[PDB]
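Consider the single chain below, provided in structure tokens and representing the form deposited in one PDB entry.
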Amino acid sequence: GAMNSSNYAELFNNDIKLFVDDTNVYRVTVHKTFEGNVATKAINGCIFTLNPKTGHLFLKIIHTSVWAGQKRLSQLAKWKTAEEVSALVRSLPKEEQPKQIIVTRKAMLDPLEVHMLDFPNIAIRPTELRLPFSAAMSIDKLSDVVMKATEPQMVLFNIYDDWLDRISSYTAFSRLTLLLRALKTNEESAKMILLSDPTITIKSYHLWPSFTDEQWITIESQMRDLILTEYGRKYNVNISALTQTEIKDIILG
């Protein structure tokens, strides 16, 4: 049925699955016109299609040309997302095709089901998880390839860099969701935590800095502190008085 804390461990089993997040497909700046009306200007977007086990990210760049002369763009965006996911599945060899696709937003269910009728054995599922994949465009190298695109493009990344050499996919996903949650809650503060030791760089072939195991623990702690600080600043709550149980709950929650 639905993906919850029912079992999170299903994400890291040997059944190929993808998350699909459509948050960044249709992106606009809202602006005043000369006559003082309001107009939107589309900017380049992306589909975020992620294997949570392997870290393989199929970033389909949505060029603004897709929208030209189309109506009801927020509706069309869901159908274009479903079209591109179905095209990706058909492009993969059978043994690489997912058994399940999990959409981060329930509005993607019917469009993806209708585009995948040819794949009756691929389960299309919602999730109860609040996943911070909208923050993907806070990763500088992903933002760069999207905004520079002059045409439709698929780019393949590993969103875990080389982490799976040292940690399990459960831990790698937990690190990824904590980083993205922090980038989503306070982007500038998250970037400062990630990039304020010039000695630790990002490899040309990576997305995130080259932290040692000990440094990842420190980074992870600073991210948790950021999310707790922002929860405090937001709700007018003294975060001094919070227990490890209280804190645990707020970050997961």
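One-based numbering along the sequence shown. C-alpha atoms forming the largest set that superposes within 1.5 Å between two forms make up the rigid core.
Participant: Comparing average C-alpha B factors as deposited, tell me which of 240-248 and 8-16 sits higher.
Facilitator: Mean C-alpha B-factor is greater for 240-248.
Participant: I need to verify one thing: averaged over C-alpha atoms only, is the B-factor higher for 220-228 or for 51-59?
Facilitator: Per the deposited B-factors, the answer is 220-228.
Participant: By the CA temperature factor listed in this entry, which of these ranks top: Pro111, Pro93, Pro120, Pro126?
Facilitator: Answer, based on the entry's C-alpha B-factors: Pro120.
Participant: Would you mind finding, among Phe34, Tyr205, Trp67, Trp208, the residue with the largest C-alpha temperature factor in the entry?
Facilitator: The C-alpha B-factor peaks, among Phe34, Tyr205, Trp67, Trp208, at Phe34.
Participant: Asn44: which third of its chain by C-alpha temperature factor?
Facilitator: Within its chain, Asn44 is a lowest-third residue by C-alpha B-factor, going by the deposited values.
Participant: Is the Cα B-factor recorded for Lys78 in the lowest, middle or highest third of its chain?
Facilitator: It belongs to the lowest third of the chain when residues are ordered by C-alpha B-factor.
Participant: Once the chain's modelled residues are ordered by C-alpha B factor and cut into thirds, is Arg175 in the lowest, middle or highest one?
Facilitator: Answer is lowest: the recorded C-alpha B-factor places it there.
The same protein also has a form deposited in another entry, omitted here; what follows describes it.
Participant: Which single residue of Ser65, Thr218, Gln70, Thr40, after superposing the core, moves its CA by 2 Å or more between this form and the one not shown?
Facilitator: Going through each option, the one that shifts is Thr40.
Participant: Using a rigid core alignment, state whether the CA of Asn238 is displaced by 2 Å or more between this form and the one not shown.
Facilitator: Moves: yes, 2 Å or greater.
Participant: Does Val30 show a Cα shift reaching 2 Å between this form and the one not shown after rigid-core superposition?
Facilitator: Passes the 2 Å threshold, so yes.
Participant: Explain in one word, closer or farther, how the Cα atoms of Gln75 and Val38 are placed in the other entry relative to this form, where the distance changes by 3 Å or more.
Facilitator: Farther apart in the other entry, by 3 Å or more.
Participant: Work out the direction of the Cα-Cα change for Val38 and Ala107 in the other entry: closer or farther than in this form? It's 3 angstroms or more.
Facilitator: It is farther: the C-alpha separation of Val38 and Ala107 rises by at least 3 Å in the other entry.
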